[PDB]
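Peer 1: Take this structure, written in structure tokens, and hold onto it; I'll ask about it next.
Here it is, written out as structure tokens:
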């Protein structure tokens, strides 16, 4: 099956664009990346940086995740991100989202060898 590291890339990486260019970015990406296949995922975040720079966060500042685990890390610098949040008109299979573009530090959980991101915890 798809590995946790591969799933993180599919759900949270968009190195092909520097930022969301329109209000329809989330509606198109949530569908294209197959995140609305079984149900409308309520919230998701896409990171507009090189995969290498995001993977490097696993060697930066260690912080506890929201749930208490201690394998989470916060990026030293801010990154270009896009937050997708389900709107009131969203109804499966026609999931709808609001696109919000911002520059924030990201916090990810890391696992494995190579030690890489497998979960997006938050943006601060």
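Numbering (mature numbering (1 follows the signal peptide of the UniProt record, and there is no 0)), first residue to last: 1 to 124.
Note that beta-carbon positions come from the ideal geometry of N, C-alpha and C, so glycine has one too.
I'd like to know whether the C-beta atoms of residue 30 and residue 84 end up nearer to each other than 7 Å.
Peer 2: Closer than 7 Å, so yes.
Peer 1: So, helix, strand or coil for residue 119, using DSSP?
Peer 2: The answer is strand: DSSP assigns residue 119 an E or B state.
Peer 1: Select from 65, 15, 6, 104 the residue whose C-alpha is nearest the C-alpha of residue 48.
Peer 2: In terms of CA proximity to residue 48, 15 leads the group 65, 15, 6, 104.
Peer 1: Assign residue 80 to one of three DSSP states: helix, strand, or coil.
Peer 2: strand
Peer 1: Roughly how many angstroms separate the alpha carbons of residue 91 and residue 40, rounded to a whole number?
Peer 2: 8 Å
Peer 1: Relative to the C-alpha of residue 18, which candidate in 86, 113, 79 has its C-alpha closest?
Peer 2: 79
Peer 1: Here's a check: name, in chain order, each residue in its chain whose Cβ is nearer than 7 Å to the Cβ of residue 122, leaving out the five neighbours to either side.
Peer 2: 66, 107
Peer 1: Pick helix, strand or coil for residue 65, following the three-state DSSP scheme.
Peer 2: coil
Peer 1: Along the chain, where does the beta strand (DSSP E) containing residue 109 start, and where does it finish?
Peer 2: Where residue 109 is concerned, the enclosing beta strand (DSSP E) stretches over 106–111.
Peer 1: Please state whether DSSP places residue 25 in a helix, a strand or coil.
Peer 2: Note: residue 25 maps to helix in three-state DSSP.
Peer 1: To the nearest angstrom, report how far apart residue 27 and residue 42 are at their CA atoms.
Peer 2: 12 Å
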